[PDB]
16 protein chains.
Amino acid sequence: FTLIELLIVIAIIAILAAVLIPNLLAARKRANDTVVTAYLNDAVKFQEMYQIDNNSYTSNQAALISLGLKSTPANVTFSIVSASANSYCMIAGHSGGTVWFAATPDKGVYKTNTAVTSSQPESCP
Amino acid sequence: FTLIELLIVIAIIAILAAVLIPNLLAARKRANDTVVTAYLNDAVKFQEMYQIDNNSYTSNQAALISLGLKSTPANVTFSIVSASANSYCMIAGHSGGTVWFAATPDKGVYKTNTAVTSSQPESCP
Amino acid sequence: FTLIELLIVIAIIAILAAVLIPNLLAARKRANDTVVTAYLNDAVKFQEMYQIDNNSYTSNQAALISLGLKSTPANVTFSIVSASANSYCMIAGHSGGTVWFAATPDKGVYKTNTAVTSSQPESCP
Amino acid sequence: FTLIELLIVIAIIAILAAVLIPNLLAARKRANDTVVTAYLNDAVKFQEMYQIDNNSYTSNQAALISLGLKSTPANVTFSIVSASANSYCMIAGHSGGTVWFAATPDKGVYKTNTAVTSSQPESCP
Amino acid sequence: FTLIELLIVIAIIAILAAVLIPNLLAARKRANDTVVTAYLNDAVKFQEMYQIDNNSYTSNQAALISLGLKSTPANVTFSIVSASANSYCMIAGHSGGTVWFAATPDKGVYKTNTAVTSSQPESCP
Amino acid sequence: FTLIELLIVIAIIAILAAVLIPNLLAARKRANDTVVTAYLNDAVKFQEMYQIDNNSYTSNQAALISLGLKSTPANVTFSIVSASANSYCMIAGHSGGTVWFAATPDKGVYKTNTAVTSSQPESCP
Amino acid sequence: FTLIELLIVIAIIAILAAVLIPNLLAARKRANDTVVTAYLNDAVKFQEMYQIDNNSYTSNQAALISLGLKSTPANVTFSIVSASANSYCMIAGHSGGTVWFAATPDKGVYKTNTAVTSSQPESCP
Amino acid sequence: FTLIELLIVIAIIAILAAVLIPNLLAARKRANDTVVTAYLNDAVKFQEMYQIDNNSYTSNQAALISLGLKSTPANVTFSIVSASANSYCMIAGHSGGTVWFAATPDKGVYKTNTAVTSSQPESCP
Amino acid sequence: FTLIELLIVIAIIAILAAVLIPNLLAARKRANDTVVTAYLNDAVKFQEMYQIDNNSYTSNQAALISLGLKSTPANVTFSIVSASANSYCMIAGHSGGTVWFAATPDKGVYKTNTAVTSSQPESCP
Amino acid sequence: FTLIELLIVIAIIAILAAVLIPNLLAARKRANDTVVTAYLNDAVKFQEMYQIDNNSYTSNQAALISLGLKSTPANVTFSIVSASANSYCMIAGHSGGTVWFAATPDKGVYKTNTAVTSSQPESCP
Amino acid sequence: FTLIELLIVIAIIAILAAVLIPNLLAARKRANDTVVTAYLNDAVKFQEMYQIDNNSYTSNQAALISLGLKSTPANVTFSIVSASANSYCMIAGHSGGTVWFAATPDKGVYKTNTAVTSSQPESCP
Amino acid sequence: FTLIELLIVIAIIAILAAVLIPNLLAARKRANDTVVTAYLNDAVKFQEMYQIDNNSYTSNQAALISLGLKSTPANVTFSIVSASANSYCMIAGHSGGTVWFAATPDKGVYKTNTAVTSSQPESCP
Amino acid sequence: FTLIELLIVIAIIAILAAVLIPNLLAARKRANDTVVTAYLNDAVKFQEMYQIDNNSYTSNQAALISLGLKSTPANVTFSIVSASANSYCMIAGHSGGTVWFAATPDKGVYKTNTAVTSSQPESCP
Amino acid sequence: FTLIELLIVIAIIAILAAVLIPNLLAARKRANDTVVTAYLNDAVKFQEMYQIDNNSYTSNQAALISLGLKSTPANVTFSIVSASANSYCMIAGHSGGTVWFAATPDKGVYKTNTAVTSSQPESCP
Amino acid sequence: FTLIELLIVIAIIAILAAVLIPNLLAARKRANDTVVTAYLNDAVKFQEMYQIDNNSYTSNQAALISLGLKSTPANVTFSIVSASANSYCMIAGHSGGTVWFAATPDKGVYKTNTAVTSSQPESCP
Amino acid sequence: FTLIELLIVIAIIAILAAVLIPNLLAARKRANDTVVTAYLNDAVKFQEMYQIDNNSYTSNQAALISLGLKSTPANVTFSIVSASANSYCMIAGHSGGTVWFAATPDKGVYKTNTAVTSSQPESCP
């Protein structure tokens, strides 16, 4: 067991420790988008359930939570823009996500061009 | 269980969440037309019942409701234009519908070219 | 139970609601003519009953009503034109009827070319 | 086959059931007068037949019935007032008729101003 | 086939189940009036048939039934008020109808202001 | 257009089909009596015409038919009982009538207590 | 889009497929009664038309069909019991109906206690 | 609201639309016979009125119309065959009737075996 | 959340998307027959209304439309074959229906063996 | 394949397992309301079928089941409050539903303010 | 990067590969029931369409397929037991399903106690 | 920490990197089919919505998009073959899918034998 | 090859053997949570499958295992707290995990504050 | 630099060369199990993909390889036992592994008691 | 301490210095393959992340680096051959490695027969 | 044994004692880098474990140690710069190492240009 045989093993550990460790930040961004997309997909369901009861759409979040929807997820900024009798607009996004996600009845849940680092969209596209 | 196998599953969920969610706003428009058509179809019946009693047609809605007709539905703007001894004209429409629906004795319950976003028709075609 | 199966059912209800509802205004016009023809047919009888008593025909309606004839029907404009010792002429019509109906002893109760929308005939044909 | 098509048919039956049914009470009054006039016309004949036999007129009804005259009709109040050698007076009337009918030789069978609801005339005009 | 696509279908079924189901109670009221009007119209005929036989009108119902008239209909309170030699008065009404219907010879079969919930009229107008 | 709206329409048709159809058998009985009364009234006339020619009354029917009287009507049993020089007796009745009708010169054409279901009267009352 | 979200959607489809599908067999029974009642109502009319021509009622069906009546409907057992000069009795019923329907002139078209599964009534009540 | 519930409702409407619609052509034939019988009954009256004036019967129709008789009805072929001093023969029939109707003084107004589709009878039976 | 759990969910969506989507073309065919049957049922009514006015049946469609009948429906080929004084024949059919529907007074509105893909029937059966 | 690459995959599975699993309890509540609404909609139909037979409404459930209605569904408390000759009131609700559903003829099938956790309504609004 | 760090990663992959892979066979059973329920639900519709045409129910499957129904699905044993004029019985089941599904008009499409591993039910419950 | 212990760890990473990485291309093909099936399923809905408005089917895509349908998905070649008044044919497929998918009203959305690498089908099977 | 060169190699092996060996106990805790989360996620699925069959939720585990669920995993304490008709509560945890995991329908599968070293939660939060 | 200082260094190299060299054969066994588990996990996926296409499971391996699955790995004996329409059984194992691994849909991929030195299992547990 | 004892120690150092020094070049080759395999394994992940965003695969490397991928490693020649919408091919290799490594979606990351001393492969196998 | 033979042996020991003793300080520097790289590699793991629990990254070291991470190694200056919700930066270095080592999620554990003799980096590159 030489020093050179130990020294080359130390050299390879430095190489393997760099390359084999994956990009963590990028992997979480897409998982964070799934949380935003899932919560908006759930939000659309409980909007339709409130439409059965009251014949309208909710401006406030507490109305949707009372019917059955969960509380806002960790590091997520859910915010309903507006809700008329026969329409709605719900913007939501994760802090370390990719982009903001809108949610309307005609277009469904989709993603906008605005970044999560930038400010919240005033109205959905 | 790799990261790539998880990553592609996250990618497919984003695709399925977009395409499988149907157009909600469009689906409700036709259901809203059925509510307007049904209420006008009911309104025509209670107009004929008032014709049996009083030998005339009602200008006011409260006369039709007293005989048996239900109250005006949620997000519906029912409004009788005019009602002579031997005729009537009743316009009605949903706020998030397609178009206004007229209701006369000779033509029955039919739909007009005027949109629900536009103002109420003054007289039926 | 799909959305398309519900959507086609909504489409067929719109078709059935248009075609199966009959022409109400036209149906009442002929029933209104029967009321005018019946009242003139009754008016001819009580004219003959007054002829038994007084040996003449009545100019006024109150004389015919005193013998037994009913009051003028709802939305009907009965009006005796003239009544000599050995003749009479009685025009009558419904507001939402087809045409005016005359009533003389020689021709009986018949219908004239003048429309109910137009003014009352001065004398019977 | 709609409910509205059935409902309007029910409405027209109510109209036709009112107007087409004639005045029954008035129609019978004139037929009842014919029964009184016929019985008095027959009574005058059998008075002349008794004049051939006895050279006088009958006070009692049974004398006229013995010669051939029929019994008093149903709901008729026949009553001979007086009968001298060369004259007679016979009042008669139906209960649901118009007026009392007299019967003398000089004037024949005629009708008086006294109503059938009012009491019987003591002597003929 | 999403949950939201099923959920909106459940929402529309709730709307269609409310509006498309017509007013049953009101529809039967007018049909019940036709039964009362028809039975009184039949009762008037068999009163005239008894007038041919007996020269009077019937106080009891069993006399009219013996000639040919049907038994009293289900949930109908037929009742002859009075019947003189030359007149009659017959009140009748359905339990779940609109109003009581009278029947005299001079006025025919007509409807009175008294309601079926209220007590039976003592005499016809 | 619901199933319940169709089902109630089927229910009302069953009610209207029962009540509005009149008693046919009873209506024909009185018309059949008019045929018997008319034929006996005609038979009395041609008996008087034979009295002008032969100075007697006919026992056989063929003698009356030769003068001008029509043949016996359908479902009618005309039969002359007896005919002396200065009198006659003629019984007649319809198979589906009410009662047998006699016909003598002194009493005219009248109806007897014997029913048409029962056997023919041997002699008139 | 989870498996549990798909699995619950499959569970609700099984529930909706059971409850929303109406009772078809029961719905047709009442429609089948309308066919029997309508055909008997038509049969009564053409019996009266044959009475105008021949002065009797038809035993055979071919006589009624020659005048204008339609052929026997599908899955209906029409059968005239008897037909005298002044009466008739016509039993008819659908194979998958409720009960047999009689048809006489005095009682009109009515339904009997005998079931369609049981044998045909020999004579009407 | 299922498709099957709508589909069975469409099936029942097809059944009810066939059976409930009565035979129109046959119903009019008997009404057309009444028009021919009425016009011949009127023609017989004005023949007797001409007999009072001229001591004969009319060959031409214009003579009867001048006295008071109406013009020939729509779709009716009135035609007087012959008219001697003390007799007459008048054939008449509707185009869509049953048979030709004769009219003589001895037999009155009666119907012949010749059909309306076949040619006009040369002389009355 | 595995790939296999996502993959089986994709497999079930393909199965549910095939089986749950109903036959649309077949469902519309019967609704299209109702439109043709309803329009012919309406056409028969306005033919009878023209018969009241003119004492004949219409060859042209514009005469029926002037009285009150609606315009020809979308994708429907209405065409009156012939119309004599006392009869008519009206063929009609939808482009994507089942068969052509005839309409005569004696047989009512019925369906023929000729298919809508095949040419129009020259005359009704 | 590092431990950190496995560890982050375990972290994302925990996130996806929380968010993607939908609210099951809320989804079933609306499906349970459809079962109650469907059963009451069916109950209203068989109430009208009993009205055809007996001319009344059923207090007991076994009468409705004998006509054709299904047995009470699983975890549903159907209960008829009252049923007069011309009216009815039927309360029903699911154990894990939203609210109780009433069912009257005038208002149809509707939902009340009373919760399914709370006790059954004594009478419908 | 040690061997122990690789060895524990291999150990966790074995654990995750067992637990995260769901029960595939059970998931397909319920999807297979949906295919059987959907095909029977479709089969019930085309049975009603054949009832409109032929006034009966089909014993053979080829008759239902000719109207519009699809071919039998993969690994499904559809088989109509019997079909009278006013009823039917249709058993069907998937090879890897749960139980056999019946289909009658009165009970609708329901599931029986017989297993798919066991033989086909001879008649529906 | 030997070189051989590092060397075997490098050897196992090469094995795990090959086997644990799943088939990505195959996984996307089935997800791409879901996008095509979903878009055709949506296309069928908006074809029925255009049928409600215009009483026909659309040849152009822009008509369906104006009603509410989304734009064509990424790497998808949607193309309507033909659209008559009462039918349609819509072929669609993904570039990296499995096969082309047709969409007609009678057969619904189904997959054809033609591959996505091969050219587009001219007409649907 | 000196002793000092061997001695420093022995010194570095002691350093590398300490630092490079990862925390095994902590790595397994999160993998153990995945086993508990996966088994509860599977348990929720088979609870919904039992809800399809029996219309309730299971108290016992053997009912869920009979449907298809696997046996309880090694070193896992699965235990269903309660299961009403329309709800359930299932606590589960690994012996060397982090915390207990609950599982209800409304909240899904989530983790509680109670530690695995501490006793089992009596009811879920 | 003594001989004893060199001699002890030679002695320590002999000790370090024995202890520091790990068990290679045992380390590969678990890596070989991962290859078998991964290939069976992949085999289960492509079995579900063939189920989408053909509605069955594959007996032959070439069918799975054609869809996308890789060739059999080096020193691995993959072998499908049986594959019915709704099930499968796939045994596989490495030559220098631990035990044979089965793969069914209900149990997933699991390991059996049979050793790789022993013969292949005939059927999976 | 002799010269011979020193001389033999010098002789053994020459032997130990030859044999104990391992093959360095060969040890690095396999570590260099791990760097290429790791970078391609990372490259495959960021290709799937670009597929989520743009619905395609990247031809240029800068697109993958912008998403999160690291810069090309030292002495590594990464080069994307081609990238269509639904596929890709990425060759990469180390200068002192063994062979070139390809990377496609269907086959994953694998090694080719071409040596690193030889030129770069034009397309992947 | 001469003095010169001893003297040359003393001379060679001085030469061998200089050359054969390796560079100790340099050998430890690379081993010290492995300790820093290993501790940062461990620190990255327990940062991801805290992200599972709290949905954030730790600023303090005591939070990471509580989860399972070891205490700071001897002669190592670990120090977390900052830690937002979705990112972190951790600098660490040995006193007798080469350079400071950073540790972020996107770049992994890498080495910076700053020397260990120089002061600690304020933020990672």
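Conventions and cut-offs
Residues numbered from 1 in each chain as written, not as in the entry; some residues may be left out. Chains lettered and ligands numbered in written order. Heavy atoms only, no water. Helix = DSSP H or I, 4+ residues; strand = E, 2+ residues; numbered from the N terminus. Rg over C-alpha atoms; globule rule 2.2 N^0.38 Å. Buried < 20%, exposed > 50% of the residue type's maximum accessible area, 1.4 Å probe, protein only. Contact = heavy atoms within 4.5 Å. Areas by Shrake-Rupley, 256 points an atom, 1.4 Å probe, with all protein chains shown as cover. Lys, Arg positive; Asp, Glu negative; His and termini not counted. Charge placed at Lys NZ, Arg CZ, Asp CG, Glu CD. Axes fitted to C-alpha atoms, helices over the stretch in contact; angles between N-to-C directions. Parallel < 35°, antiparallel > 145°, perpendicular 65-115°, else oblique. Nonpolar A, V, L, I, M, F, W, Y, C, P; charged D, E, K, R; others polar. Salt bridge = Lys/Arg side-chain N within 4 Å of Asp/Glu carboxyl O. Disulfide = S-S within 2.5 Å. UniProt positions renumbered as here; feature names shortened; annotations may be inferred. Buried area = accessible area lost by both parts, 1.4 Å probe. Polar contact = N/O pair within 3.5 Å; in protein donor to acceptor, adjacent residues only side chain to side chain. Pairing = 2+ DSSP bridges. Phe/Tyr/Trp six-rings, centres within 6.5 Å; stacked < 30°, edge-to-face > 60°. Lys NZ or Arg CZ within 6 Å of the ring centre and 35° of its normal. Expected span 1.5 Å × (residues − 1). Arc of directions from axis to C-beta.

Method of determination, as annotated in the archive: cryo-EM, at 3.22 Å resolution.

A.B. asks: Even after reading the chapter, I still don't get the overall build of chain A, so can you show me in this structure?
C.D. replies: Within chain A, the secondary structure is distributed over 3 helices and 4 strands. Over its C-alpha atoms chain A spans a radius of gyration of 22 Å, topping by over 25% the 14 Å that the globule rule assigns to 125 residues. Viewed in the frame of its principal axes, chain A has a C-alpha envelope of about 80 × 30 × 20 Å. A buried classification covers 61% of the 125 residues belonging to chain A. If you take every contact in chain A between residues at least 6 apart in sequence, the share linking residues at least 24 apart comes to 40%. When the accessible surface of chain A is totalled, it reaches about 4200 Å², and 53% of it is carbon and sulfur. Side-chain charges of chain A comprise 7 positive and 7 negative groups, with the mean position of each set lying 5 Å from the other.

A.B. asks: Please explain the packing of helix 2 (residues 24-54) of chain B against helix 1 (residues 3-19) of chain D as it appears in this structure.
C.D. replies: For any two helices packed against each other, one specifies the crossing angle of their axes together with the interaxial distance. Contact pair helix 2 of chain B / helix 1 of chain D: the axes reach a minimum separation of 10 Å and the direction vectors enclose 5°. With respect to helix 1 of chain D, the element helix 2 of chain B is oriented roughly parallel. On the side of helix 2 of chain B, the interface is formed by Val44, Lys45, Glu48, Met49 and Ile52 of chain B, while helix 1 of chain D contributes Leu3, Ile4, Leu7, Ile8 and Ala11 of chain D. Across the contact of helix 2 of chain B with helix 1 of chain D, the residue classes tally to 8 nonpolar, no polar and 2 charged.

A.B. asks: What is the right way to look at the arrangement of the chains in this model?
C.D. replies: At the level of C-alpha atoms, the two units chain F and chain I stay apart, their nearest approach being 12 Å. Across all C-alpha pairs, the smallest distance from chain E to chain L is 9 Å, and the two are not in contact.

A.B. asks: Mind showing me how you'd approach the pattern of salt bridges here?
C.D. replies: Residue and element names in this part refer to chain P. Tallied over the full model, the rule gives 41 salt bridges over all chains. Among the ionic pairs, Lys45 bridges to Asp42, the shortest N-O distance being 3.8 Å. In this pair, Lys45 and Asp42 both sit in helix 2 (residues 24-54), 3 residues apart, roughly one turn of the helix. The same class applies to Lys45 and to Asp42, which are both buried.

A.B. asks: Mind showing me how you'd approach the UniProt feature "disulfide bond" in chain A here?
C.D. replies: Residues and elements named next belong to chain A. Between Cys89 and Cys124, for which a disulfide is recorded in UniProt, an S-S distance of 2.0 Å is seen, short enough (under 2.5 Å) for the bond to be assigned. Placement of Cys89 in strand 2 (residues 89-91) and of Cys124 in the segment after strand 4 (108-115) is noted, with a sequence separation of 35 residues between them. Using a relative accessible area of 4% as the deciding quantity, one classes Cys89 as buried. Given a relative accessible area of 18%, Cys124 falls into the buried group.

A.B. asks: Explanation requested: the interface of chain A and chain L in the structure shown.
C.D. replies: Interface extent is often summarised as the accessible area lost during association of the parts. Counting residues at the interface gives 11 residues for chain A, matched by 7 residues for chain L. In total, about 690 Å² of surface goes out of reach between chain A and chain L, with carbon and sulfur atoms giving 81% of it. The interface formed by chain A and chain L includes 0 salt bridges. Remark: the boundary between chain A and chain L carries 1 residue pair in polar contact. In the side of chain A that touches chain L, the residues fall into 8 nonpolar, no polar and 3 charged.

A.B. asks: Looking at this structure, how should I read the interface of chain O and chain A?
C.D. replies: Every contact between the two is made by 19 residues of chain O and, on the other side, 16 residues of chain A. When the buried surface of chain O facing chain A is broken down by residue, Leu24, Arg28 and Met49 of chain O rank first, second and third, together holding 27% of it. On the surface where chain O and chain A come into contact, there are 1 salt bridge. Here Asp53 of chain O ties to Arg30 of chain A by a salt bridge, and the two come within 2.7 Å at their closest N and O atoms. Applying the counting rule to chain O against chain A returns 2 residue pairs in polar contact.

A.B. asks: Explain the state of the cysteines here, please?
C.D. replies: As used here, a disulfide is simply a covalent bond connecting the sulfur atoms of two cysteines. All told, the structure shown has 16 disulfides over all chains when counted by the stated rule. Across the disulfide from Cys89 of chain B sits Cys124 of chain B; the S-S distance is 2.0 Å.

A.B. asks: I'm lost on the pairing of strand 1 (residues 79-82) of chain G in this one. Help?
C.D. replies: Consecutive side chains of a regular strand alternate in pointing toward one face of the sheet and then the other. Residues and elements named next belong to chain G. Across 3 bridges, the pairing between strand 1 and strand 2 (residues 89-91) is antiparallel. By the bridge assignment for strand 2, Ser79 is matched with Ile91. Hairpin connection of strand 1 to strand 2: 6 residues between the antiparallel strands.

A.B. asks: Looking at this structure, I do not really get the packing of aromatic side chains. What am I missing?
C.D. replies: For the structure on display, the rule yields 32 aromatic pairs over all chains. Each ring, one from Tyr39 of chain I and one from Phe78 of chain I, has its centre 5.3 Å from the other, and the planes form 80°; the classification is edge-to-face. Here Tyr39 of chain I is found in helix 2 (residues 24-54), whereas its partner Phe78 of chain I is found in the loop between helix 3 (61-67) and strand 1 (79-82), with 39 residues between them in sequence. Directly above the ring of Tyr110 of chain N sits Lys107 of chain N, whose terminal nitrogen or CZ lies 4.1 Å from the centroid.

A.B. asks: Would you take a moment to explain unusual backbone geometry for this structure?
C.D. replies: If a residue is not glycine, its phi is most likely negative; likewise, a peptide bond is most likely trans. Residue and element names in this part refer to chain K. Phi is positive for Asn55, which is not a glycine, with a value near 60°. In this structure, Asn55 sits in the loop between helix 2 (24-54) and helix 3 (61-67). A residue is classified by how much of its surface remains accessible, and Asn55, at 29% relative accessible area, is partly exposed.

A.B. asks: I'm lost on the UniProt feature "transmembrane region" in chain A in this one. Help?
C.D. replies: In this numbering, the UniProt entry assigns the feature "transmembrane region" to residues 1-21 of chain A. What you have in residues 1-21 of chain A is 81% helix and 0% strand, and the ends, taken at the C-alpha atoms, are 29 Å apart.

A.B. asks: What's the story with helix 1 (residues 3-19) of chain M in this structure? I'm lost.
C.D. replies: Quick reminder: α-helices carry 3.6 residues per turn. Residues three or four places apart thus point the same way. An ideal rise of 1.5 Å per residue puts 24 Å on 17 residues; helix 1 of chain M measures up with 25 Å between its terminal C-alpha atoms. Regarding helix 1 of chain M, the residues found buried are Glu5, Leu6, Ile8, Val9, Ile12, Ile13, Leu16 and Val19 of chain M. Buried residues of helix 1 of chain M fall within an arc of 160° about the axis and therefore sit on the same side. Exposed and oriented more than 90 degrees from the buried face of helix 1 of chain M are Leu7 and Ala14 of chain M. Where the residues of helix 1 of chain M are buried, they touch helix 1 (3-19) of chain A, helix 1 (3-19) of chain N together with helix 2 of chain P. At the N-terminal end of helix 1 of chain M, a side-chain oxygen is found 3.0 Å from the backbone nitrogen of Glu5 of chain M, two or three residues along, and the residue is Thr2 of chain M.

A.B. asks: Would you mind showing me how to read the side chain of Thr112 of chain D here?
C.D. replies: Position of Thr112 of chain D relative to the elements: it lies in strand 4 (residues 108-115). Apart from residues lying up to four places away in sequence, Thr112 of chain D is in contact with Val99, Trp100, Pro121 and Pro125 of chain D.

A.B. asks: Explain the environment of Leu16 of chain B here, please?
C.D. replies: With respect to the helices and strands, the residue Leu16 of chain B is situated in helix 1 (residues 3-19). Expressed as a C-alpha distance, the spacing of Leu16 of chain B and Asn32 of chain B, which sit 16 residues apart in the sequence, is 28 Å. Look past the residues within four positions of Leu16 of chain B in its chain and what remains in contact with it is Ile21 of chain B, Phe1 of chain G, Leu6 and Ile10 of chain I together with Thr34 of chain L.

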